[PDB]
Amino acid sequence: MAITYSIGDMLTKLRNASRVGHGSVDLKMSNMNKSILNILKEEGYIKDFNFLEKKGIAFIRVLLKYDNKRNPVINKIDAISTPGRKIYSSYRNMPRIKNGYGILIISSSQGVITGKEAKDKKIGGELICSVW
Amino acid sequence: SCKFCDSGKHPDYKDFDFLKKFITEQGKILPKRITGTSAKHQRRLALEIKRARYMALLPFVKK
Amino acid sequence: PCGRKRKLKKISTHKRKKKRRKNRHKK
Amino acid sequence: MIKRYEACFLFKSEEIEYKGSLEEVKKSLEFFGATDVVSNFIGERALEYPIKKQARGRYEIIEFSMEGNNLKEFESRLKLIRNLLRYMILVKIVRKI
Amino acid sequence: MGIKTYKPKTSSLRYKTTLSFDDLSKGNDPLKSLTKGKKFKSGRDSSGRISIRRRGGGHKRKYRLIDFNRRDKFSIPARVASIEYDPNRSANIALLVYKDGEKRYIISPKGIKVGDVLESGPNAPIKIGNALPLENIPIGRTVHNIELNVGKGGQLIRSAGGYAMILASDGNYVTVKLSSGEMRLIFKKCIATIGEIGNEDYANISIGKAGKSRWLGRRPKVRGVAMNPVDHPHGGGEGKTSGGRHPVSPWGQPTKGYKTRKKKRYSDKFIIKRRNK
Amino acid sequence: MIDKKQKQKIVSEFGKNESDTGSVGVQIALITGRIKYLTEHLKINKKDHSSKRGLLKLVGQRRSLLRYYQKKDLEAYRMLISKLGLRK
Amino acid sequence: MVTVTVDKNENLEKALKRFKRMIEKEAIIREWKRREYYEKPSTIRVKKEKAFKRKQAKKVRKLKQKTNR
RNA sequence: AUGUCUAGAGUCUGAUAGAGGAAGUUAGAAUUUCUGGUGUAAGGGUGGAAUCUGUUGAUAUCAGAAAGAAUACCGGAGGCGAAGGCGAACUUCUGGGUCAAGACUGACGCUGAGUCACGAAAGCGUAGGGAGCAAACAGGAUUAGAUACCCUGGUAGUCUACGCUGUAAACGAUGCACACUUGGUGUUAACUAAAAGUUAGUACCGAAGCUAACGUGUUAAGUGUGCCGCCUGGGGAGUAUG
Ligand SMILES: [Zn+2]
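Residue numbers (the authors' numbering), protein chains in the order written: chain H, 1 to 132; chain R, 34 to 96; chain V, 2 to 28; chain F, 1 to 97; chain AD, 1 to 277; chain O, 1 to 88; chain U, 1 to 69.
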């Protein structure tokens with residue numbers, strides 16, 4: 001099967017649905033996927049996400065958010081760390097994505113947290129993805 | 034317009050007088066696009082015609 | 002493709018094969 | 001493995017030779033262990049391409065059951081019957097079921 | 001059957017191959033009541049001259065009384081007892097034990113095995129090893145050991161690996177393709193044995209050295225250009241001539257293509273189409 | 001062929017119950033039976049190459065299952081190889 | 001073996017018109033001109049390739065002309 | 001490191017399509033040769049000729065016999081296989097795929113350096129076979145010349161069994177696997193009585209996107225990653241040497 005990304009699969013599905021301009025997208029469900037979508041939700045990139053059922057398997061249905069002119073909120077969403085190339089960073093060397101206009105998402109000792117929260121709590125970890 | 038599909042009976046060399054209508058007047062098989070038969074039936078029909086020809090039920094060429 | 006490059010390769014191959022044929026049977 | 005075979009045979013024209021040939025064919029199946037032998041006469045037709053100088057012959061259909069391994073040997077013996085012009089043996093039909 | 005090769009531990013073994021005798025009921029001595037000791041021939045005749053050259057002293061061998069004429073044992077089944085090596089011919093010999101107690105030798109066909117039951121006569125089944133008159137054998141079979149005159153025995157094909165092909169039958173005669181390749185007519189009442197003759201690797205052997213050729217009873221062959229003109233028409237080799245003459249036998253008979261069969265032989269009626277070069 | 005009867009027979013022997021087809025022991029045993037009759041078939045028909053490819057795919061599957069089983073349940077693995085004759 | 005039985009009162013002209021038509025409907029002459037001399041299976045396949053491509057371009061062409069009009 | 005789950009992947013059950021492979025049998029058309037009739041001066045061939053064949057009876061036509069190789073029609077915007085490839089008919093042996101609530105195992109998977117297996121055609125070794133076709137080669141023509149294109153012949157080879165060689169424009173010039181991303185028109189198989197739709201393939205056109213352009217476009221060359229192979233100006237050169 002070599003899924004190789006419970007993370008990149010959802011990222012790619014979300015990216016594709018967002019650019020074609022769908023209303024909702026329907027992802028596999030995991031603790032990290034939930035955490036990431038939660039961070040998106042606070043940051044105002046997605047409207048909401050719900051938990052569901054199909055054939056006894058749980059899904060996450062995410063409500064894509066666009067402006068009134070159908071320009072997506074997500075512009076570019078892309079992975080940094082990667083099974084063949086794992087990228088870790090200290091809390092000082094954390095990149096500020098696009099001069100802060102975007103957000104960085106990392107996995108740290110205290111859970112999956114945004115870059116600003118990682119800086120404010122003085123913790124660092126794996127660089128999951130960058131969204132702007 | 035597949036006659037075998039319409040009649041519900043399936044190609045068989047024993048039923049050779051019926052087979053004789055899908056043969057030209059000296060043995061050559063007719064194309065699907067002419068006889069208007071279905072593909073699966075056409076394959077089975079060709080096989081049965083070959084079997085009959087092996088049993089002299091049907092002619093290779095008329096003499 | 003223009004095919005001049007393929008022609009170049011062809012004549013090279015012919016010359017190499019001719020060399021080998023010439024030096025066959027020699028010992 | 002017992003398999004339900006179905007076969008067609010051609011015999012030369014006259015009736016006594018037809019019957020005799022069919023009889024050794026039947027006993028041949030019985031020797032090779034055939035079970036559930038059933039026949040069906042088709043008739044006496046004029047062949048439309050000559051076979052072994054003949055032009056007219058009688059057709060028989062036999063639907064029997066028999067294990068796989070003896071088909072080889074059975075076949076090797078059916079070549080000995082003088083009056084069996086041509087024949088073929090088939091596995092069962094692709095019945096619509 | 002099979003071929004057994006040798007590692008080159010001497011300069012002679014490099015291309016020596018012999019048969020493998022796996023298809024032979026081994027460890028065998030011949031039946032004492034059927035074999036007699038005999039001289040080695042060497043090609044001299046009653047007058048004492050050499051009539052055939054270049055035949056000499058090979059390995060001493062006994063003679064096994066074969067039976068190519070199974071006619072006086074029709075309808076009587078027999079058992080195959082063993083398959084044995086025969087030094088007097090290429091093919092192997094099978095020892096048949098008859099139901100009445102008589103034992104006999106036959107040429108061993110290809111594919112028979114110990115314990116088989118063999119039968120001879122018009123009523124015998126068409127099975128490898130049975131002997132039947134050509135009447136009864138169906139067109140399209142392969143036979144061997146063909147009889148030429150009723151009561152004579154099998155005088156046609158007999159050597160290892162050979163077989164004859166029945167082509168057609170007509171009147172008193174059957175058309176048979178022989179191993180040389182000609183098509184000959186045979187009288188329909190003579191007998192024949194069904195199936196090919198076993199031991200078909202016999203001639204795939206590479207002898208290996210001059211010594212084995214001497215074992216087989218074959219003295220050396222002296223060419224004609226090595227002679228003097230008194231000895232052979234080709235002699236005179238003052239510096240490697242080629243005869244200086246169209247090739248001939250040592251007695252002046254031409255040898256490259258000359259046809260030596262008599263032009264008006266008695267059997268010319270029975271030969272359809274001769275062999276091919 | 002491995003007929004339905006020996007298929008079910010081996011299932012009954014090697015599984016915990018009559019419905020336990022999918023367990024690893026049943027898997028390996030069935031594939032071993034297939035391998036045996038295929039090596040018999042391919043001993044005769046030496047120029048059959050599609051069958052040889054099928055045989056090799058089966059052998060690879062058996063090795064994969066054997067590694068998974070040996071890593072997970074070791075003593076069952078040694079019992080199984082000893083019972084089936086698969087050398088180690 | 002294509003035959004045309006000539007009736008007692010039937011005219012030779014239409015008789016061989018029938019012959020010509022059923023010959024053409026058996027495609028004997030085209031088969032013979034095909035078997036005159038050998039062709040690589042490669043070149044049979046390639047000529048069929050090209051013939052179908054020509055047919056497709058011609059059909060697209062024809063429909064373009066029909067809609068252009 | 002030790003467990004748990006089933007949605008991935010497998011086993012079992014049922015259904016089903018197919019030139020998938022190997023072995024053993026059989027068939028007819030056509031061609032060539034041979035034999036026997038009828039019959040006479042041409043046949044054959046080209047842009048045009050000639051070589052050649054034929055008065056020792058050609059070609060043409062009728063009948064019979066023999067051998068070899070290949071399987072018209074079905075037959076295609078098909079089908080199957082990993083690829084090469086696989087099409088007269090039958091049996092035996094045997095590989096793979098697809099669908100489903102239809103239960104079982106519970107991550108058992110993806111890719112894969114060496115290695116191993118297979119691998120069109122040509123070629124090689126051993127032993128057969130040899131109709132037709134046909135390198136080399138011969139003759140006749142074209143030409144200044146023709147070691148060619150054309151014509152008449154013709155040996156290997158083409159075929160079979162076994163053992164080697166492991167190369168192709170071996171191509172979709174596009175490695176494999178998974179998760180996603182508007183449609184139009186056909187077609188194959190299955191589920192459904194059938195339409196009608198779905199699923200798994202297989203073709204054409206085409207939106208967005210991508211592309212240096214050509215083009216590609218749910219069978220991506222689109223958006224992502226896993227692993228392997230490979231490239232770093234041309235000639236020298238896939239040469240020299242090992
Ligand atoms: Zn139909």
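Ideal placement from N, C-alpha and C gives every residue a C-beta, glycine not left out.
(request) Compare the C-beta of R:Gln-59 against all C-beta atoms of chain U and say whether one is closer than 8 Å. (result) For R:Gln-59, the nearest beta carbon of chain U is closer than 8 Å to its own beta carbon.
(message) Counting only Cβ pairs nearer than 8 Å, list the residues of chain U close to R:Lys-95.
(response) Simply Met-1.
(message) Mapping the DSSP letters down to three states, classify R:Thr-68 as helix, strand or coil.
(response) Collapsing the DSSP output to three states places R:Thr-68 in a helix.
(message) Any heavy atom of ligand 1 closer than 7 Å to the beta-carbon of R:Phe-37?
(response) Checking every heavy atom of ligand 1 against the Cβ of R:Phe-37, one is found closer than 7 Å.
(request) Return the Cβ separation of AD:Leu-96 and AD:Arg-79 in integer angstroms, given the expectation that the two are a contact with Cβ distance under 8 Å. (result) Contact between AD:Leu-96 and AD:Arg-79 is confirmed by a C-beta separation of about 7 Å, below the 8 Å threshold.
(request) Answer yes or no: the CB of R:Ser-71 versus the heavy atoms of ligand 1, is any distance below 7 Å? (result) Because some heavy atom of ligand 1 lies under 7 Å away, the Cβ of R:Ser-71 counts as near it: yes.
(request) Tell me whether AD:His-144 sits in a helix, a strand or coil according to DSSP, three-state version. (result) AD:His-144: strand per DSSP, three-state reduction.
(message) Out of AD:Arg-218, AD:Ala-203 and AD:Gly-243, which one is the CA nearest neighbour of AD:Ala-210?
(response) Nearest C-alpha to AD:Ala-210: AD:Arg-218.
(request) Answer yes if the segment 172-188 of chain AD comes into contact with the segment 216-236 of chain AD, meaning at least three C-beta pairs across the two stretches below 8 Å, and no otherwise. (result) No, the segment 216-236 of chain AD does not touch the segment 172-188 of chain AD.
(message) Using the three-state DSSP reduction, which class does U:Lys-14 fall into: helix, strand or coil?
(response) Helix.
(request) Return the CA-CA distance between H:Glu-43 and O:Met-79, expressed in angstroms with no decimal places. (result) Rounded to the nearest whole angstrom, the C-alpha separation of H:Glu-43 and O:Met-79 is 58 Å.
(request) For F:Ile-61, return the contacting residues in chain R, with the cut-off set at a CB-CB distance below 9 Å. (result) Near F:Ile-61 (Cβ distances below 9 Å), the residues of chain R are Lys-47.
(message) Below 9 Å on C-beta distance, what does R:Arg-84 contact in chain F?
(response) At a beta-carbon threshold of 9 Å, the residues of chain F lying near R:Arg-84 are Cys-8, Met-88 and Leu-90, ordered along the chain.
(message) Would H:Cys-129 and H:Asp-48 qualify as a contact pair, given that the criterion is a beta-carbon distance under 8 Å?
(response) Between H:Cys-129 and H:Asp-48, the CB-CB gap reaches or exceeds 8 Å.
(message) Just to check my reading of the structure: AD:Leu-19 and AD:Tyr-163 have Cβ atoms closer than 8 Å, yes? What is that Cβ distance to the nearest angstrom?
(response) Incorrect: roughly 19 Å between the Cβ atoms, too far for contact.
(request) Please indicate yes or no: does the CB of R:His-74 lie closer than 7 Å to some heavy atom of ligand 1? (result) For R:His-74, the Cβ falls inside the 7 Å cut-off from some heavy atom of ligand 1.
(request) Helix, strand or coil for residue 98 of chain F, going by three-state DSSP, please let me know. (result) The shown model of chain F, from 1 to 97, leaves out residue 98 of chain F, and the question about it has no answer.
(request) List in chain order: all unbroken beta strand (DSSP E) runs of 3+ residues lying wholly within the segment 147-188 of chain AD. (result) Complete beta strand (DSSP E) runs here, min 3: 164-170, 173-177 and 183-187.
(message) Could you check whether the Cβ of R:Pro-64 sits closer than 8 Å to any Cβ belonging to chain F?
(response) False, the Cβ-Cβ gap to chain F never drops below 8 Å.
(request) Using a threshold of 8 Å, state whether the C-beta atoms of H:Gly-111 and H:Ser-35 are closer than that. (result) It is a contact, given that the beta carbons lie within the stated cut-off.
(request) State yes or no: is the C-beta of AD:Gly-37 within less than 8 Å of the C-beta of AD:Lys-62? (result) Taking 8 Å as the Cβ cut-off, AD:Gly-37 and AD:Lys-62 qualify as a contacting pair.
(request) Assign F:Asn-40 to one of three DSSP states: helix, strand, or coil. (result) In this structure, DSSP gives F:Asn-40 an extended state, which the three-state scheme calls strand.
(message) Below 7 Å, is the gap between the Cβ of F:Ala-34 and the nearest heavy atom of ligand 3?
(response) This structure lacks ligand 3; the ligands present are ligand 1.
(message) To the nearest angstrom, how far is the alpha carbon of R:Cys-38 from that of H:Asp-26?
(response) The straight-line gap from Cα to Cα measures roughly 44 Å.
(message) Just to make sure I have the definition right: I need the residues of chain F whose C-beta is within less than 8 Å of the C-beta of R:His-74. Which are they?
(response) Going along chain F, no residue has its Cβ under 8 Å from R:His-74, so there is no contact; the nearest lies around 11 Å.
(message) I'd like to check one pair, AD:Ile-107 with AD:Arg-158: are the Cβ atoms closer than 8 Å?
(response) The Cβ atoms of AD:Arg-158 and AD:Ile-107 lie closer than 8 Å to each other.
(message) Can you confirm whether F:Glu-75, when its beta carbon is compared against all beta carbons of chain R, has any partner nearer than 8 Å?
(response) By this cut-off, F:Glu-75 is not an interface position.
(request) Would you mind stating whether F:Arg-4 and F:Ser-65 have Cβ atoms separated by less than 8 Å? (result) Annotated as proximal: F:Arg-4 and F:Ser-65, with beta-carbon spacing under 8 Å.
(message) Contact criterion: CB-CB distance below 8 Å. Does R:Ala-89 meet it with respect to chain F?
(response) Closer than 8 Å to some Cβ of chain F, the Cβ of R:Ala-89 qualifies, so yes.
(request) Pick out whichever of H:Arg-19, H:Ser-89 and H:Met-10 has its Cα sitting closest to the Cα of H:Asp-67. (result) Cα-wise, what sits closest to H:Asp-67 is H:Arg-19.
(request) Check whether the segment 138-154 of chain AD touches the segment 186-193 of chain AD, counting contact only when three or more Cβ pairs, one atom from each stretch, lie closer than 8 Å. (result) Yes, the segment 138-154 of chain AD touches the segment 186-193 of chain AD.
(request) Might you give, ordered along the chain, the residues of its own chain that have their beta carbon closer than 7 Å to the beta carbon of R:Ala-79, omitting 5 neighbours on each side? (result) When the five nearest sequence neighbours on each side are left out, the beta carbons in the same chain lying within less than 7 Å of the beta carbon of R:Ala-79 are those of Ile-62, in order along the chain.
(request) Could you tell me if O:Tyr-37 is buried or exposed, where buried requires 16 or more neighbouring beta carbons within 10 angstroms of its beta carbon? (result) Its Cβ having fewer than 16 others within 10 Å, O:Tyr-37 is exposed.
(message) What would DSSP say about O:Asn-45, mapped onto helix, strand or coil?
(response) Taken through DSSP and simplified to helix, strand or coil, O:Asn-45 comes out as coil.
(message) If the criterion is Cβ atoms closer than 8 Å, does the pair H:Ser-108 and H:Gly-125 meet it?
(response) It is a contact, given that the beta carbons lie within the stated cut-off.
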